[PDB]
$ cat structure_7.cif   # mmCIF, C-alpha atoms
data_entry
#
loop_
_atom_site.label_atom_id
_atom_site.label_comp_id
_atom_site.auth_asym_id
_atom_site.auth_seq_id
_atom_site.Cartn_x
_atom_site.Cartn_y
_atom_site.Cartn_z
CA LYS L 1 -53.18 7.91 6.72
CA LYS L 2 -50.37 7.31 4.16
CA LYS L 3 -47.85 5.65 6.45
CA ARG L 4 -44.22 6.14 5.38
CA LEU L 5 -43.43 2.41 5.24
CA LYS L 6 -41.36 2.69 2.06
CA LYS L 7 -39.37 5.53 3.61
CA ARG L 8 -39.06 3.73 6.94
CA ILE L 9 -37.66 0.50 5.52
CA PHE L 10 -34.92 2.31 3.59
CA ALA L 11 -33.59 4.05 6.70
CA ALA L 12 -33.96 0.77 8.58
CA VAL L 13 -31.74 -1.33 6.33
CA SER L 14 -28.90 1.20 6.41
CA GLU L 15 -28.26 1.35 10.16
CA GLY L 16 -31.33 0.40 12.23
CA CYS L 17 -30.52 -3.23 11.55
CA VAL L 18 -32.60 -5.76 13.42
CA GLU L 19 -35.21 -4.49 15.87
CA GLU L 20 -36.71 -1.52 14.01
CA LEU L 21 -37.11 -3.54 10.80
CA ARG L 22 -38.88 -6.43 12.54
CA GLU L 23 -41.32 -4.02 14.17
CA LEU L 24 -41.93 -2.73 10.65
CA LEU L 25 -41.99 -6.30 9.32
CA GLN L 26 -45.03 -7.11 11.46
CA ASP L 27 -46.72 -3.92 10.23
CA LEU L 28 -46.76 -4.97 6.57
CA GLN L 29 -48.74 -8.18 7.14
CA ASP L 30 -51.42 -6.06 8.79
CA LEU L 31 -51.49 -3.74 5.77
CA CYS L 32 -51.86 -6.50 3.16
CA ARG L 33 -54.52 -8.73 4.75
CA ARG L 34 -57.22 -6.03 4.75
CA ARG L 35 -58.18 -6.42 1.08
CA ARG L 36 -59.12 -10.12 1.79
CA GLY L 37 -58.11 -11.65 -1.53
CA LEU L 38 -56.62 -8.98 -3.81
CA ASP L 39 -53.82 -9.39 -6.33
CA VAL L 40 -51.35 -10.23 -3.57
CA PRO L 41 -47.93 -10.19 -5.38
CA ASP L 42 -48.81 -6.99 -7.23
CA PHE L 43 -49.47 -5.02 -4.05
CA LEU L 44 -46.62 -6.19 -1.82
CA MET L 45 -44.03 -5.70 -4.57
CA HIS L 46 -45.12 -2.10 -5.17
CA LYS L 47 -44.77 -1.36 -1.45
CA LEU L 48 -41.15 -2.59 -1.49
CA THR L 49 -39.95 -0.84 -4.65
CA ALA L 50 -39.75 2.78 -5.75
CA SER L 51 -41.47 3.69 -9.00
CA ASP L 52 -38.68 5.48 -10.85
CA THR L 53 -35.52 3.74 -9.66
CA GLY L 54 -37.04 0.29 -9.34
CA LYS L 55 -34.82 -0.36 -6.33
CA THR L 56 -35.98 -3.21 -4.12
CA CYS L 57 -35.89 -3.50 -0.37
CA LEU L 58 -33.05 -5.97 -0.81
CA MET L 59 -30.73 -3.89 -3.00
CA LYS L 60 -30.88 -0.84 -0.73
CA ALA L 61 -29.74 -3.18 2.02
CA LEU L 62 -27.03 -4.38 -0.38
CA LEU L 63 -25.52 -1.06 -1.46
CA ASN L 64 -24.43 0.13 1.97
CA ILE L 65 -22.96 -2.62 4.13
CA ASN L 66 -22.90 -2.99 7.91
CA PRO L 67 -21.44 -5.76 10.13
CA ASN L 68 -24.97 -7.06 10.73
CA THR L 69 -25.92 -7.48 7.06
CA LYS L 70 -26.00 -11.28 7.12
CA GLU L 71 -29.01 -10.90 9.41
CA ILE L 72 -30.68 -8.26 7.21
CA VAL L 73 -31.03 -10.73 4.34
CA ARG L 74 -32.25 -13.87 6.12
CA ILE L 75 -35.03 -11.88 7.77
CA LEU L 76 -35.84 -10.39 4.38
CA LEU L 77 -35.66 -13.71 2.54
CA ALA L 78 -37.99 -15.41 5.01
CA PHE L 79 -40.61 -12.70 4.54
CA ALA L 80 -40.54 -13.16 0.76
CA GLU L 81 -41.01 -16.91 1.32
CA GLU L 82 -44.13 -16.46 3.48
CA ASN L 83 -45.90 -14.81 0.55
CA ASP L 84 -44.29 -17.20 -2.01
CA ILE L 85 -43.01 -14.35 -4.17
CA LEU L 86 -39.29 -14.75 -3.48
CA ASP L 87 -38.51 -15.82 -7.05
CA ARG L 88 -39.87 -12.73 -8.79
CA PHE L 89 -38.29 -10.68 -6.02
CA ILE L 90 -34.77 -12.11 -6.14
CA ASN L 91 -34.73 -11.62 -9.91
CA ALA L 92 -35.95 -8.03 -9.82
CA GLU L 93 -33.72 -6.24 -12.28
CA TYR L 94 -33.06 -2.52 -12.19
CA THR L 95 -35.41 -0.82 -14.66
CA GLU L 96 -34.46 2.88 -14.67
CA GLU L 97 -32.47 2.41 -17.98
CA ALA L 98 -29.35 3.96 -16.46
CA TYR L 99 -27.66 0.68 -15.57
CA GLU L 100 -30.65 -1.53 -16.23
CA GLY L 101 -30.56 -5.26 -15.63
CA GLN L 102 -28.21 -5.01 -12.66
CA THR L 103 -29.95 -7.30 -10.20
CA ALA L 104 -29.65 -7.98 -6.48
CA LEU L 105 -27.23 -10.77 -7.33
CA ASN L 106 -24.94 -8.37 -9.17
CA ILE L 107 -24.46 -6.14 -6.14
CA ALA L 108 -23.31 -9.09 -4.04
CA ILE L 109 -20.39 -9.93 -6.32
CA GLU L 110 -19.13 -6.39 -6.80
CA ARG L 111 -19.30 -5.60 -3.08
CA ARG L 112 -17.21 -8.77 -2.48
CA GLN L 113 -19.78 -10.10 0.00
CA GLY L 114 -19.05 -13.79 -0.37
CA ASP L 115 -21.08 -14.99 2.61
CA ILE L 116 -24.46 -13.62 1.57
CA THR L 117 -23.65 -14.62 -2.01
CA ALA L 118 -24.15 -18.34 -1.42
CA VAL L 119 -27.21 -17.42 0.64
CA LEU L 120 -28.48 -15.50 -2.37
CA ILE L 121 -27.73 -18.45 -4.66
CA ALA L 122 -29.44 -20.92 -2.29
CA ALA L 123 -32.75 -19.15 -2.87
CA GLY L 124 -32.32 -19.89 -6.58
CA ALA L 125 -31.34 -16.68 -8.33
CA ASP L 126 -30.61 -16.34 -12.04
CA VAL L 127 -26.84 -16.17 -12.49
CA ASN L 128 -27.32 -15.05 -16.09
CA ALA L 129 -28.64 -11.49 -16.14
CA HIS L 130 -27.44 -9.18 -18.89
CA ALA L 131 -26.76 -5.59 -17.83
CA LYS L 132 -26.94 -3.01 -20.58
CA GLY L 133 -27.06 0.69 -19.84
CA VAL L 134 -25.19 3.97 -19.61
CA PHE L 135 -21.84 2.28 -19.00
CA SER O 1 -12.34 15.13 5.57
CA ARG O 2 -11.04 16.79 2.42
CA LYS O 3 -11.71 13.82 0.12
CA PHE O 4 -14.77 11.69 -0.58
CA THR O 5 -15.69 8.62 -2.59
CA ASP O 6 -18.87 9.15 -4.58
CA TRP O 7 -19.32 5.62 -5.92
CA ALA O 8 -17.22 2.51 -6.45
CA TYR O 9 -18.92 -0.04 -8.81
CA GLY O 10 -15.70 -2.04 -8.97
CA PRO O 11 -12.12 -0.78 -9.22
CA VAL O 12 -13.10 2.50 -10.87
CA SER O 13 -13.56 5.08 -8.13
CA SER O 14 -14.41 8.74 -8.66
CA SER O 15 -12.39 11.31 -6.73
CA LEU O 16 -13.79 14.40 -5.03
CA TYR O 17 -11.63 16.99 -3.26
CA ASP O 18 -13.11 19.66 -1.05
CA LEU O 19 -11.82 22.89 -2.70
CA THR O 20 -12.87 25.52 -0.19
CA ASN O 21 -9.65 27.52 0.15
CA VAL O 22 -7.69 26.12 -2.78
CA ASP O 23 -8.82 27.73 -6.02
CA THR O 24 -8.58 31.44 -6.75
CA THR O 25 -12.09 32.46 -5.84
CA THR O 26 -11.21 34.18 -2.55
CA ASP O 27 -8.33 36.39 -1.44
CA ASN O 28 -4.86 34.82 -0.99
CA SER O 29 -5.55 31.15 -1.60
CA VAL O 30 -2.99 28.37 -1.86
CA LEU O 31 -2.79 28.46 -5.65
CA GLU O 32 -2.02 32.18 -5.69
CA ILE O 33 0.61 31.72 -2.99
CA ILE O 34 2.21 28.65 -4.57
CA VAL O 35 2.92 30.43 -7.86
CA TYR O 36 3.71 34.01 -6.85
CA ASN O 37 6.19 33.01 -4.13
CA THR O 38 9.97 32.88 -4.35
CA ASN O 39 12.29 31.42 -1.66
CA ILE O 40 10.97 27.87 -2.21
CA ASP O 41 13.08 25.39 -4.14
CA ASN O 42 10.28 22.82 -4.10
CA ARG O 43 7.53 24.48 -6.13
CA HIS O 44 7.75 22.33 -9.26
CA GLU O 45 7.02 19.20 -7.24
CA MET O 46 4.12 20.84 -5.38
CA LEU O 47 1.81 21.30 -8.37
CA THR O 48 1.85 17.56 -9.08
CA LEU O 49 -0.61 17.13 -6.19
CA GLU O 50 -4.12 16.19 -7.17
CA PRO O 51 -6.46 19.11 -6.20
CA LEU O 52 -3.94 21.45 -7.80
CA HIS O 53 -2.87 19.43 -10.84
CA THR O 54 -6.07 18.51 -12.64
CA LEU O 55 -7.76 21.77 -11.67
CA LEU O 56 -5.01 23.86 -13.23
CA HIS O 57 -5.22 21.47 -16.17
CA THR O 58 -8.96 22.15 -16.35
CA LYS O 59 -8.74 25.93 -16.08
CA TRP O 60 -6.26 26.02 -18.94
CA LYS O 61 -8.45 23.64 -20.93
CA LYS O 62 -11.75 25.47 -21.11
CA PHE O 63 -10.64 29.06 -21.69
CA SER F 1 15.79 16.76 -18.69
CA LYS F 2 13.32 14.69 -16.63
CA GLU F 3 13.05 17.88 -14.52
CA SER F 4 12.18 20.54 -17.10
CA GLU F 5 8.71 18.98 -17.29
CA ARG F 6 8.04 20.14 -13.74
CA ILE F 7 9.65 23.60 -13.87
CA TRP F 8 8.03 24.56 -17.18
CA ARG F 9 4.69 23.62 -15.62
CA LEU F 10 5.38 26.45 -13.16
CA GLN F 11 5.86 28.81 -16.10
CA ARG F 12 2.45 27.74 -17.33
CA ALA F 13 1.07 28.56 -13.89
CA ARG F 14 2.63 32.03 -14.10
CA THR F 15 0.18 32.80 -16.91
CA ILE F 16 -2.98 31.05 -15.78
CA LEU F 17 -3.49 33.08 -12.65
CA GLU F 18 -2.45 36.15 -14.63
CA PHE F 19 -5.44 35.63 -16.90
CA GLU F 20 -7.53 35.19 -13.75
CA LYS F 21 -6.45 38.63 -12.56
CA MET F 22 -6.95 40.13 -16.04
CA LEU F 23 -10.66 39.27 -16.16
CA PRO F 24 -12.78 40.79 -13.33
CA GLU F 25 -16.09 39.73 -14.88
CA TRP F 26 -18.77 37.65 -13.18
CA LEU F 27 -16.91 34.49 -14.37
CA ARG F 28 -19.54 32.59 -16.31
CA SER F 29 -16.77 30.03 -16.84
CA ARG F 30 -17.60 27.93 -13.82
CA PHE F 31 -14.57 25.61 -13.15
CA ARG F 32 -16.28 23.94 -10.15
CA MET F 33 -19.46 22.10 -9.21
CA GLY F 34 -21.41 24.35 -6.88
CA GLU F 35 -23.33 23.46 -3.71
CA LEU F 36 -22.68 19.72 -3.96
CA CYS F 37 -23.16 18.07 -0.58
CA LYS F 38 -20.23 16.51 1.22
CA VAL F 39 -22.08 15.03 4.24
CA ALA F 40 -24.46 16.55 6.81
CA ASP F 41 -28.15 16.88 7.56
CA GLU F 42 -27.98 20.67 7.02
CA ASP F 43 -24.56 21.62 5.59
CA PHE F 44 -24.83 21.16 1.80
CA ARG F 45 -21.99 23.51 0.82
CA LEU F 46 -18.31 23.66 -0.22
CA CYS F 47 -18.31 23.39 -4.05
CA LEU F 48 -16.46 20.39 -5.42
CA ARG F 49 -14.41 18.50 -8.00
CA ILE F 50 -14.47 15.12 -9.82
CA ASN F 51 -11.60 12.88 -11.01
CA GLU F 52 -11.08 9.13 -11.58
CA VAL F 53 -8.99 6.39 -9.93
CA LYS F 54 -7.80 2.86 -10.82
CA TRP F 55 -7.00 -0.73 -9.77
CA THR F 56 -5.88 -3.10 -7.04
CA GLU F 57 -6.09 -3.19 -3.25
CA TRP F 58 -9.83 -3.75 -3.42
CA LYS F 59 -11.92 -3.49 -0.27
CA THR F 60 -15.60 -3.36 0.63
CA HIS F 61 -16.36 0.30 -0.10
CA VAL F 62 -18.46 1.55 2.81
CA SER F 63 -18.69 5.32 2.48
CA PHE F 64 -20.32 6.21 -0.81
CA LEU F 65 -22.49 9.20 -1.63
CA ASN F 66 -24.85 8.07 -4.42
CA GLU F 67 -26.51 4.92 -5.78
CA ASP F 68 -23.51 4.12 -8.02
CA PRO F 69 -23.92 6.45 -11.01
CA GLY F 70 -21.17 7.61 -13.31
CA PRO F 71 -22.85 10.69 -14.72
CA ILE F 72 -25.74 12.60 -13.19
CA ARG F 73 -28.96 10.71 -12.58
CA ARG F 74 -31.61 11.52 -15.24
#
$ encode --input "structure_7.cif" --output "C-alpha coordinates"
Amino acid sequence: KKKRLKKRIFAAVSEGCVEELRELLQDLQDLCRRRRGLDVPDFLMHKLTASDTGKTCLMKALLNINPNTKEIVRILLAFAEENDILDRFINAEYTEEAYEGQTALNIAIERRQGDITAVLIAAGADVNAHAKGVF
Amino acid sequence: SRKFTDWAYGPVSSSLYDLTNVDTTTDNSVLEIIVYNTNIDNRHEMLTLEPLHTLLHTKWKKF
Amino acid sequence: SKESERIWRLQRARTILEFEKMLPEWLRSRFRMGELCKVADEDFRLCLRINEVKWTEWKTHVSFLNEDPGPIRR
(Lines of atoms letter the chains of each structure in order from A and count residues from 1; the text may use other names and numbers.)
(Lines give C-alpha, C1' and ligand atoms only; values in the text may rest on other atoms or scores of the structure.)
Protein backbone atom coordinates (compact mmCIF):
# COMPACT_ATOMS: atom_id res chain seq x y z
CA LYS A 1 0.00 0.00 0.00
CA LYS A 2 3.20 2.13 -0.20
CA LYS A 3 3.45 3.12 3.45
CA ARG A 4 5.23 6.44 4.04
CA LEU A 5 7.85 4.99 6.41
CA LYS A 6 10.70 7.05 4.95
CA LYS A 7 8.59 10.19 5.31
CA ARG A 8 7.40 9.21 8.78
CA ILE A 9 10.85 8.63 10.24
CA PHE A 10 12.13 12.03 9.09
CA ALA A 11 9.34 13.90 10.86
CA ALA A 12 9.83 11.62 13.87
CA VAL A 13 13.50 12.40 14.46
CA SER A 14 12.93 16.16 14.35
CA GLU A 15 10.39 16.53 17.16
CA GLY A 16 8.38 13.33 17.77
CA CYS A 17 11.33 11.99 19.71
CA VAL A 18 10.77 8.73 21.51
CA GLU A 19 7.33 7.14 21.34
CA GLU A 20 6.34 7.71 17.71
CA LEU A 21 9.70 6.44 16.44
CA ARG A 22 9.56 3.24 18.49
CA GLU A 23 6.07 2.50 17.18
CA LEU A 24 7.60 2.95 13.73
CA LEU A 25 10.68 0.97 14.80
CA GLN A 26 8.54 -2.12 15.40
CA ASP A 27 6.91 -1.62 11.98
CA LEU A 28 10.14 -2.01 10.01
CA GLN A 29 10.95 -5.50 11.34
CA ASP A 30 7.53 -6.61 10.10
CA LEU A 31 8.28 -5.15 6.67
CA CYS A 32 11.67 -6.85 6.24
CA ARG A 33 10.93 -10.40 7.42
CA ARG A 34 8.34 -11.09 4.70
CA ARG A 35 10.85 -11.86 1.94
CA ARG A 36 12.23 -14.78 4.10
CA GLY A 37 15.89 -14.59 3.10
CA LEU A 38 16.44 -11.71 0.67
CA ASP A 39 19.50 -9.49 0.40
CA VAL A 40 18.91 -8.11 3.89
CA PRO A 41 21.40 -5.16 4.12
CA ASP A 42 20.49 -3.95 0.64
CA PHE A 43 16.80 -3.58 1.45
CA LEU A 44 16.92 -2.04 4.92
CA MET A 45 19.52 0.54 3.89
CA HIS A 46 17.40 1.72 0.96
CA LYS A 47 14.41 2.18 3.28
CA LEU A 48 16.48 4.46 5.56
CA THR A 49 18.11 6.65 2.90
CA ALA A 50 16.80 8.94 0.18
CA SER A 51 17.97 8.25 -3.35
CA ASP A 52 19.21 11.67 -4.42
CA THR A 53 20.54 13.21 -1.21
CA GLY A 54 21.84 9.99 0.29
CA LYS A 55 20.86 11.24 3.74
CA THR A 56 20.58 8.53 6.37
CA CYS A 57 18.10 8.20 9.18
CA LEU A 58 20.92 9.16 11.53
CA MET A 59 22.07 12.39 9.87
CA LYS A 60 18.55 13.84 9.66
CA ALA A 61 18.40 13.27 13.40
CA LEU A 62 21.80 14.98 13.61
CA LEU A 63 21.13 18.17 11.66
CA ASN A 64 18.34 19.52 13.85
CA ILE A 65 18.98 19.03 17.56
CA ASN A 66 16.52 18.62 20.43
CA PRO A 67 17.12 18.10 24.19
CA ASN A 68 16.20 14.43 23.77
CA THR A 69 18.75 13.65 21.03
CA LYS A 70 20.95 11.43 23.18
CA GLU A 71 18.01 9.02 23.22
CA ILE A 72 17.40 9.29 19.46
CA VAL A 73 20.82 7.79 18.70
CA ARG A 74 20.99 4.89 21.17
CA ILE A 75 17.62 3.63 19.96
CA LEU A 76 18.86 4.03 16.40
CA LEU A 77 22.24 2.42 17.08
CA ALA A 78 20.66 -0.63 18.71
CA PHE A 79 18.43 -1.21 15.70
CA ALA A 80 21.44 -1.17 13.36
CA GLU A 81 23.12 -3.71 15.65
CA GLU A 82 20.19 -6.16 15.52
CA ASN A 83 20.66 -6.49 11.76
CA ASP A 84 24.50 -6.36 12.05
CA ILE A 85 24.79 -3.55 9.50
CA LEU A 86 25.87 -0.76 11.86
CA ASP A 87 29.34 -0.50 10.33
CA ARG A 88 28.25 0.24 6.77
CA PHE A 89 25.60 2.53 8.24
CA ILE A 90 27.80 4.61 10.53
CA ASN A 91 30.21 5.17 7.65
CA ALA A 92 27.56 6.20 5.14
CA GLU A 93 29.05 9.20 3.41
CA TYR A 94 26.98 11.85 1.66
CA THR A 95 26.89 11.04 -2.06
CA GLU A 96 25.02 13.91 -3.73
CA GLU A 97 28.37 15.50 -4.88
CA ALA A 98 27.47 18.84 -3.31
CA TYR A 99 29.41 18.31 -0.10
CA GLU A 100 30.14 14.65 -0.63
CA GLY A 101 31.98 12.57 1.92
CA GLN A 102 30.55 14.45 4.90
CA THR A 103 29.54 11.56 7.13
CA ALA A 104 27.39 11.18 10.24
CA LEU A 105 30.54 11.64 12.29
CA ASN A 106 31.24 15.01 10.67
CA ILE A 107 27.90 16.47 11.74
CA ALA A 108 28.59 15.61 15.37
CA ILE A 109 31.77 17.68 15.56
CA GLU A 110 30.44 20.75 13.79
CA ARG A 111 27.23 20.82 15.85
CA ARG A 112 29.46 20.70 18.99
CA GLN A 113 27.56 17.67 20.33
CA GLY A 114 30.30 16.20 22.47
CA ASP A 115 28.17 13.66 24.32
CA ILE A 116 26.88 11.73 21.32
CA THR A 117 30.33 12.07 19.75
CA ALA A 118 31.96 9.50 22.05
CA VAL A 119 28.84 7.38 21.60
CA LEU A 120 29.39 7.62 17.85
CA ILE A 121 33.07 6.71 18.26
CA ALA A 122 32.24 3.75 20.55
CA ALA A 123 30.42 2.08 17.67
CA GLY A 124 33.66 2.25 15.71
CA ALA A 125 33.34 4.99 13.10
CA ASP A 126 36.05 6.02 10.66
CA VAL A 127 37.62 9.24 11.92
CA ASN A 128 39.35 9.72 8.57
CA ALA A 129 36.78 10.65 5.94
CA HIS A 130 37.78 13.13 3.25
CA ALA A 131 35.11 15.64 2.27
CA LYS A 132 35.47 17.14 -1.18
CA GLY A 133 32.67 19.09 -2.80
CA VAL A 134 31.21 22.47 -3.67
CA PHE A 135 32.98 24.23 -0.80
CA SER B 1 11.09 37.72 13.26
CA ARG B 2 12.81 39.93 10.71
CA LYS B 3 16.00 37.84 10.49
CA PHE B 4 16.69 34.17 9.85
CA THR B 5 19.63 31.80 9.77
CA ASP B 6 19.60 29.62 6.67
CA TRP B 7 22.52 27.34 7.54
CA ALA B 8 25.52 27.34 9.85
CA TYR B 9 28.13 24.65 8.90
CA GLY B 10 30.59 26.18 11.35
CA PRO B 11 31.30 29.84 12.06
CA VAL B 12 30.16 31.00 8.62
CA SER B 13 26.49 31.91 8.86
CA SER B 14 24.36 33.32 6.05
CA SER B 15 22.16 36.31 6.84
CA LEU B 16 18.59 36.80 5.66
CA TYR B 17 16.54 39.93 6.39
CA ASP B 18 12.83 40.08 5.76
CA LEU B 19 12.53 43.07 3.36
CA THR B 20 8.79 43.54 3.16
CA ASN B 21 8.49 47.29 3.69
CA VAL B 22 12.12 48.30 3.32
CA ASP B 23 13.07 48.49 -0.35
CA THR B 24 11.45 50.85 -2.85
CA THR B 25 8.93 48.47 -4.35
CA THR B 26 5.86 49.96 -2.64
CA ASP B 27 4.77 53.51 -1.83
CA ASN B 28 6.63 55.44 0.91
CA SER B 29 9.03 52.83 2.25
CA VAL B 30 11.79 53.38 4.78
CA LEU B 31 14.52 53.84 2.18
CA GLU B 32 12.60 56.58 0.39
CA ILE B 33 11.87 58.31 3.70
CA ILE B 34 15.43 57.98 5.04
CA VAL B 35 16.96 59.79 2.06
CA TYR B 36 14.37 62.40 1.10
CA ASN B 37 13.92 63.70 4.65
CA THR B 38 15.50 66.74 6.25
CA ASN B 39 15.28 67.64 9.97
CA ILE B 40 17.33 64.59 11.01
CA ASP B 41 20.96 65.04 12.00
CA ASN B 42 21.47 61.28 12.25
CA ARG B 43 20.94 60.09 8.67
CA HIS B 44 24.55 59.26 7.80
CA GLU B 45 24.73 56.76 10.66
CA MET B 46 21.38 55.18 9.74
CA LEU B 47 22.41 53.74 6.36
CA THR B 48 25.18 51.69 8.00
CA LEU B 49 22.49 49.24 9.16
CA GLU B 50 22.50 45.89 7.45
CA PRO B 51 19.22 45.56 5.44
CA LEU B 52 19.86 49.06 4.12
CA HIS B 53 23.63 49.00 3.62
CA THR B 54 24.33 45.96 1.47
CA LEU B 55 21.07 46.35 -0.44
CA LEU B 56 21.91 49.90 -1.49
CA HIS B 57 25.38 48.57 -2.27
CA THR B 58 23.76 45.89 -4.45
CA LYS B 59 21.37 48.19 -6.30
CA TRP B 60 24.25 50.46 -7.23
CA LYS B 61 26.32 47.45 -8.25
CA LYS B 62 24.18 45.79 -10.87
CA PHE B 63 22.83 48.77 -12.81
CA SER C 1 37.52 63.32 7.96
CA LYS C 2 36.40 59.98 9.46
CA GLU C 3 32.88 61.43 9.02
CA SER C 4 32.82 62.40 5.33
CA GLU C 5 32.66 58.67 4.54
CA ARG C 6 29.18 58.55 6.05
CA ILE C 7 27.77 61.84 4.72
CA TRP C 8 28.98 61.27 1.16
CA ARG C 9 27.23 57.89 1.30
CA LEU C 10 24.03 59.89 1.71
CA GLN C 11 24.88 61.82 -1.45
CA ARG C 12 25.18 58.49 -3.22
CA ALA C 13 21.74 57.60 -1.90
CA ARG C 14 20.36 60.86 -3.31
CA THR C 15 21.03 59.47 -6.79
CA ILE C 16 20.15 55.81 -6.42
CA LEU C 17 16.51 56.34 -5.61
CA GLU C 18 16.45 59.05 -8.26
CA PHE C 19 17.31 56.45 -10.88
CA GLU C 20 14.58 54.29 -9.36
CA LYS C 21 12.05 57.04 -10.00
CA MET C 22 13.46 57.71 -13.49
CA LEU C 23 12.74 54.17 -14.73
CA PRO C 24 9.04 53.11 -14.57
CA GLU C 25 9.61 49.89 -16.51
CA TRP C 26 8.68 46.40 -15.35
CA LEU C 27 12.10 46.22 -13.57
CA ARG C 28 13.67 43.11 -15.01
CA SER C 29 16.59 43.97 -12.71
CA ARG C 30 15.39 41.90 -9.79
CA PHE C 31 17.39 43.03 -6.66
CA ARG C 32 15.64 40.49 -4.40
CA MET C 33 14.93 36.77 -4.12
CA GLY C 34 11.21 36.30 -4.63
CA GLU C 35 8.79 34.01 -2.77
CA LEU C 36 11.45 32.44 -0.55
CA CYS C 37 9.85 30.89 2.52
CA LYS C 38 10.55 32.29 5.95
CA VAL C 39 8.62 29.74 8.07
CA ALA C 40 5.01 28.48 7.94
CA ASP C 41 2.96 25.59 6.64
CA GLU C 42 1.13 27.90 4.20
CA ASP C 43 2.81 31.35 4.18
CA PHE C 44 5.70 31.12 1.69
CA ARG C 45 6.00 34.84 0.94
CA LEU C 46 7.97 38.02 1.77
CA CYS C 47 10.87 38.11 -0.75
CA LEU C 48 14.31 38.02 0.82
CA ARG C 49 18.04 38.80 1.00
CA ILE C 50 21.34 36.96 1.62
CA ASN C 51 24.56 38.12 3.33
CA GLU C 52 27.41 36.46 5.27
CA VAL C 53 28.62 36.53 8.90
CA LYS C 54 31.80 35.56 10.80
CA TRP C 55 33.49 34.11 13.91
CA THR C 56 33.36 33.51 17.65
CA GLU C 57 30.63 33.04 20.24
CA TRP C 58 29.75 29.66 18.77
CA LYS C 59 26.59 27.89 19.89
CA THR C 60 24.56 24.88 18.81
CA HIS C 61 22.61 26.38 15.90
CA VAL C 62 19.03 25.17 16.29
CA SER C 63 16.92 27.14 13.84
CA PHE C 64 18.15 26.52 10.32
CA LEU C 65 16.17 26.49 7.09
CA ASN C 66 18.00 24.08 4.74
CA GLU C 67 20.27 21.03 4.84
CA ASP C 68 23.43 23.18 5.06
CA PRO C 69 24.02 24.36 1.48
CA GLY C 70 25.95 27.43 0.45
CA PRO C 71 24.51 27.88 -3.02
CA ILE C 72 21.23 26.49 -4.31
CA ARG C 73 20.79 22.73 -4.26
CA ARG C 74 21.25 21.19 -7.74
$ residues_around --input "structure_7.cif" --residues "residue 32 in chain O" --least-positions-apart "4" --cutoff "9 Å" --atoms "only C-alpha atoms" --output "PyMOL selection string"
(chain O and resi 22-24+27-28+36-37) or (chain F and resi 17)
$ residues_around --input "structure_7.cif" --residues "residue 54 in chain F" --least-positions-apart "5" --cutoff "12 Å" --atoms "only C-alpha atoms" --output "number ranges by chain"
O: 8-15
$ interface_residues --input "structure_7.cif" --of "chain L" --to "chain F" --cutoff "7 Å" --atoms "all atoms listed in the file" --output "PyMOL selection string"
chain L and resi 64-65+111-112
$ resolve_selection --input "structure_7.cif" --expression "the PyMOL selection byres ((chain F and resi 12) around 12)" --output "count of residues only"
22
$ closest_residue --input "structure_7.cif" --among "L:81, L:52, L:27, L:115" --to "residue 95 in chain L" --atoms "all atoms listed in the file"
L:52
$ interface_residues --input "structure_7.cif" --of "chain L" --to "chain O" --cutoff "12 Å" --atoms "all atoms listed in the file" --output "PyMOL selection string"
chain L and resi 63-64+99+102+106-112+135
$ closest_residue --input "structure_7.cif" --among "O:51, O:6, O:1, O:46" --to "chain F" --atoms "only C-alpha atoms"
O:6
$ closest_residue --input "structure_7.cif" --among "L:92, L:134, L:48, L:105" --to "residue 121 in chain L" --atoms "all atoms listed in the file"
L:105
$ residues_around --input "structure_7.cif" --residues "residue 72 in chain L" --least-positions-apart "4" --cutoff "9 Å" --atoms "only C-alpha atoms" --output "list in words"
residues 13, 17, 18, 21, 58, 61, 68, 76 and 77 of chain L
